[PDB]
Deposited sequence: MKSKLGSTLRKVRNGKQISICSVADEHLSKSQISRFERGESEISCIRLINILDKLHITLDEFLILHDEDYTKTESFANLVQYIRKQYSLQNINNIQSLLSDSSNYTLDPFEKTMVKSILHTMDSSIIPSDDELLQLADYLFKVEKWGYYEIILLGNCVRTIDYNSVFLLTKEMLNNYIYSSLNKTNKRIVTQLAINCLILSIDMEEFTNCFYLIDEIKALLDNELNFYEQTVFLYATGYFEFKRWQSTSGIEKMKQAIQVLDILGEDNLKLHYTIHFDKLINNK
């Protein structure tokens, strides 16, 4: 109920089914939804005013809980990048977590990695350096192998787009191999095509 019907229908790729929830929610959950459909139907756009309002809310949030983290993470590619990076930078320093429930640590790590991928896309390499050290501390002495695999690919992506280095190639191919070994075919194929485009477009 929380966000289950979100990703449940995202599994089936039924656009018109949670598009049905434009008319329950709040305005922030309404924009979080709209930016998700921007990935499905590339013309369902949350325009700036509803994005600037959620971004302003997150800017004055003092403590980041599950509510704020899921809201930001779902709109990392619709809120303007300059705000997303600052909000990510603030979420990293103010997310609520103790040692029983580390669920907030996971999705914060997944968010920081997704923002790192976006930072590589925008060629914000100074911001990539910051996020790389923040993610390594989130992963260190933890057993978050999924985030470690995505972070390894993102590290190779950063090293490739910046230098076309052989080392960045190997990191990306090693992360794909982890997904291959663990039977994660859908993730492996999406990361393979992303890798194919990188080398086959230069």
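- Within the chain's deposited sequence, the coordinate-free stretches run 1 to 77, 101 to 105 in sequence order.
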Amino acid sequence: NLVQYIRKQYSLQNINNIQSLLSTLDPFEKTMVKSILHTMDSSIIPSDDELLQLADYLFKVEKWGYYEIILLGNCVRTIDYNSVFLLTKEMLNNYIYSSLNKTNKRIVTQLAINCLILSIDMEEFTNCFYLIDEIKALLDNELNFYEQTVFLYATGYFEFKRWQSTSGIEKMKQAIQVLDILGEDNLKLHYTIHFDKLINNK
From here on, numbers count along this sequence of modelled residues.
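- Averaged over Cα atoms, the B-factor as recorded in the entry is higher for 32 to 40 than for the other of 130 to 138 and 32 to 40.
- Here 106 to 114 and 90 to 98 are compared by their mean Cα B-factor, and 90 to 98 comes out higher.
- Listed residues 52, 45, 150, 176 were ranked by CA B-factor as deposited; 45 comes out on top.
- Take 18, 193, 181, 187 and read off each C-alpha B-factor from the entry; 18 has the highest.
- Placement of the Cα temperature factor of residue 155 within the chain: lowest third of the modelled residues, per the deposited record.
- Ranked against the other modelled residues of its chain, the C-alpha B-factor of residue 60 as given in the entry falls in the middle third.
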